[PDB]
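Listed next as structure tokens is one chain, alone, in the form deposited in one PDB entry.
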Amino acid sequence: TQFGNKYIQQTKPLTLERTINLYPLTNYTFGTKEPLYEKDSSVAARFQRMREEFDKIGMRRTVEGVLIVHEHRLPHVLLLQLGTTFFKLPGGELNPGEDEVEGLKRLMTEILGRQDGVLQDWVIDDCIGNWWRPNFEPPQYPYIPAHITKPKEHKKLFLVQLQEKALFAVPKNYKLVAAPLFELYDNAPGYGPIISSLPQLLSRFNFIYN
């Protein structure tokens, strides 16, 4: 309208400047819930299950959420530690035909969703990267390698935007840590290729401290 106030919006397109709110770690409350044990009792049991499942429902589709907070204006990724030395992002396997984002909201709620009844919604608007697994082996890559026509798994990473305050419940078998970016950066020996390239995957975001 030319007969009224102009409500000024961010000028650059969201493709060019994507602004994201980070709140302090101390804004969040953490509790404990029942342990979530893995579907696989060992490595062998797991690439075996991965082969079997591949034959009768196709390529495995995984989604994972990157949750970010800050401490004195420095971004930290929330990582689940499966006992000493092993870290994973929240997320997991999509059901057949399941929407990626609906699937990740499902999985975020299972792993970290509060128990006390206060409903906790997840804001998931951004894809931050993609990883493919060309064989039934541990190795993954941020592209589909040459001559790979039937990748065995496809993993999609998403930025999960947190509310100003929230309560999370951590399954008993896990510890939650907040890893600063300098800790992840150039540290594949500590976190693997996927987690340790998060700093890079996060660098395009214009973070707001609060």
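Numbers follow the displayed sequence, beginning with 1. The term rigid core refers to the maximal set of C-alpha atoms that superpose within 1.5 Å between the two forms.
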Comparing 52-60 with 39-47, larger root-mean-square C-alpha distance from this form in 8 other deposited structures of this protein, core superposed, belongs to 39-47
Taking the mean of the C-alpha B-factors per stretch from the entry, tell me the winner out of 36-44 and 172-180. 36-44
Could you check which stretch, 26-34 or 151-159, carries the larger mean CA temperature factor in the entry? 26-34
Looking at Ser196, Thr19, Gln9, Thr15, which one carries the largest C-alpha B-factor according to the PDB entry? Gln9
From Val101, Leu82, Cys127, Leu94, can you pick the one with the highest C-alpha B factor in the entry? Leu82
Lowest, middle or highest third of the chain for the C-alpha temperature factor of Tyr143? middle
Temperature factor at the Cα of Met59, chain-ranked in thirds, falls in the middle
Please rank the C-alpha B-factors of the chain's modelled residues and tell me whether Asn206 sits in the lowest, middle or highest third. middle
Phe86's Cα B-factor: lowest, middle or highest third of the chain? highest
Using the B-factors in the PDB entry, rank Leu167's C-alpha atom against the chain and give the third, lowest, middle or highest. middle
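The same protein has a further form, the form solved in complex with a small molecule, not shown here; the description that follows concerns it.
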How about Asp125: is it within 4.5 Å of the small molecule in the deposited complex, going by heavy atoms? no
Can any non-hydrogen atom of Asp116 be found within 4.5 angstroms of the small molecule in the deposited complex? yes
Spell out, yes or no, whether the shortest heavy atom distance between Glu38 and the small molecule in the deposited complex is within 4.5 Å. yes
Does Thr29 make contact with the small molecule in the deposited complex, using a 4.5 Å heavy atom cut-off? yes
Which residue, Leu181, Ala178, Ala166, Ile148, has a heavy atom that falls within 4.5 Å of the small molecule in the deposited complex? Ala166
